[PDB]
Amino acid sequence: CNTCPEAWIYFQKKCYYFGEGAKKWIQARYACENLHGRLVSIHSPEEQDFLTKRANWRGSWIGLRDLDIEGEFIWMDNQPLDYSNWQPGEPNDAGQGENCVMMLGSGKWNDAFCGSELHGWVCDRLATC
């Protein structure tokens, strides 16, 4: 089962959409839902390596946030916080609050202000048969 919609990229049972264009986090969430996916959830280094390669180098939203309880991050797929790739020193909840996670150009994660307008965002889906 390895089929993906047009413009999506297949990798290991999932499909990925590398959206481009300035969006707030909540905007990327709803954009992924509009394309029948969710902001990407990352659960292994192999998935991260795949994502880092094709990712927008100016940063991109991923599906990780601590809106519900400060300091407790949750993926869109509701699976555990098992694989992590935090940039050293992150998360730091800097500024007046950072509750949404982005990938840096290095693939390392940084929590950011949810109202920041990042230029990339990644959705995922399940591949079908």
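Throughout, we count residues from 1 along the sequence that is shown.
> Per the entry, where is the mean C-alpha temperature factor higher: 1-9 or 119-127?
Replying inline: If you average the C-alpha B-factors of 1-9 and of 119-127, the larger mean comes out for 1-9.
>> On mean Cα temperature factor in this entry, is 82-90 or 64-72 the higher one?
In response: Comparing 82-90 with 64-72, the higher average CA B-factor belongs to 82-90.
>> Looking at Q48, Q96, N99, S41, which one carries the largest C-alpha B-factor according to the PDB entry?
In response: Checking the PDB record, the top C-alpha B-factor among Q48, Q96, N99, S41 is at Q48.
>> How does the C-alpha B factor of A22 compare with the rest of the chain: lowest, middle or highest third?
In response: It falls in the middle third of the chain.
> With respect to C-alpha B-factor, does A31 fall in the lowest, middle or highest third of the chain as deposited?
Replying inline: For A31, the deposited C-alpha B-factor lands in the middle third.
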